[PDB]
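Below you'll find the structure, written out as structure tokens, and then a few comments.
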Amino acid sequence: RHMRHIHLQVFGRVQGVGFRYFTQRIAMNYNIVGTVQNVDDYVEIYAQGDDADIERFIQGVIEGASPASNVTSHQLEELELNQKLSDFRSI
């Protein structure tokens with residue numbers, strides 16, 4: 001599969017650390033579209049791009065998108081492609 005679309009939930013010290021702003025720079029680095037959002041006390045991401053770029057994006061986020069972050073856990077789900085995505089947004 002050339003492209004992937006993923007649901008990524010990241011847990012730990014992931015709020016009040018610039019997580020959404022730092023995730024945006026990683027999305028720009030690897031040509032990723034989708035969203036980053038604060039949900040309750042964790043972070044939820046939808047991410048779409050080429051397979052290797054998605055791998056690079058996941059690792060950059062879960063190794064701590066922000067230097068202030070401490071990611072303790074993540075959950076990943078593989079999704080059907082979303083052809084309405086055209087950029088990466090902090091929501």
Side-chain angles (χ1 to χ4, degrees):
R1 296 182 68 234
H2 189 100
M3 280 177 61
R4 296 166 55 191
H5 181 210
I6 61 149
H7 181 216
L8 175 64
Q9 295 169 313
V10 308
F11 304 98
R13 179 175 77 249
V14 296
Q15 292 190 352
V17 294
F19 209 90
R20 294 163 302 179
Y21 192 51
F22 280 89
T23 295
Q24 287 222 231
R25 171 60 206 237
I26 305 172
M28 262 290 315
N29 284 351
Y30 308 115
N31 311 292
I32 305 305
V33 296
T35 59
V36 59
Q37 189 180 29
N38 282 180
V39 172
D40 186 14
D41 60 2
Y42 68 96
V43 163
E44 177 172 76
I45 292 158
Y46 287 90
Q48 174 166 288
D50 287 0
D51 180 22
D53 283 332
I54 282 290
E55 283 300 317
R56 300 176 183 118
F57 172 83
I58 296 164
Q59 179 186 4
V61 168
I62 69 155
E63 289 190 1
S66 169
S69 66
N70 179 236
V71 174
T72 57
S73 175
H74 75 277
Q75 204 72 34
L76 176 302
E77 182 176 0
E78 208 65 46
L79 305 178
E80 300 291 344
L81 302 178
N82 178 4
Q83 302 289 355
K84 329 166 190 72
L85 295 183
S86 66
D87 57 359
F88 196 91
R89 293 188 198 171
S90 188
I91 65 176

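Below, each value reflects all heavy atoms present in this structure, side chains not excepted, and no hydrogens, waters or symmetry copies. Along the sequence shown, the residues carry numbers beginning at 1.
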Heavy-atom side-chain proximity of [X] to [Y] below 4.5 angstrom:
X: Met3; Y: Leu81; result: yes
X: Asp50; Y: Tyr30; result: no
X: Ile26; Y: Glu63; result: no
X: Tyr46; Y: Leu85; result: no
X: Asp51; Y: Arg1; result: no

Once you round to the nearest 0.5 Å, how far does OG1 of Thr35 lie from NE2 of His7?
8.5 Å
Starting at CD of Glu44, measure out to CG of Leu8 and round the result to the nearest 0.5 Å.
9.5 Å
More than 12 heavy atoms of other groups within 6.0 Å of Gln75 CD
no
Is it true that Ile6 and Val33 fall in one hydrophobic cluster, defined by side-chain heavy atoms closer than 4.5 Å?
no
If you group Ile, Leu, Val, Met, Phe, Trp and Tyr by side-chain heavy-atom gaps below 4.5 Å, do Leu76 and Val39 land in one group?
yes
Would you say [X]'s side chain and [Y]'s backbone share a donor-acceptor pair under 3.5 angstrom?
X: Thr23; Y: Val36; answer: no
X: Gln48; Y: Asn82; answer: yes
X: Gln15; Y: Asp40; answer: yes
X: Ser69; Y: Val71; answer: no
X: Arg4; Y: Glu78; answer: no

Name the orientation class of the two ring planes belonging to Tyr42 and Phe11 (parallel below 30°, tilted from 30 to 60°, perpendicular beyond 60°).
tilted
Compare every heavy atom of [Y] with every heavy atom of [X], then report the nearest pair and how far apart it is.
X: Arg13; Y: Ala68; value: NE-O, 2.7 Å
X: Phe88; Y: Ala27; value: CG-CB, 3.3 Å
X: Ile32; Y: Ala47; value: CG2-CB, 3.7 Å

Member of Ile45, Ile62, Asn31 meeting the side chain to side chain contact (heavy atoms under 4.5 Å, CB included) criterion with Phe57:
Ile45
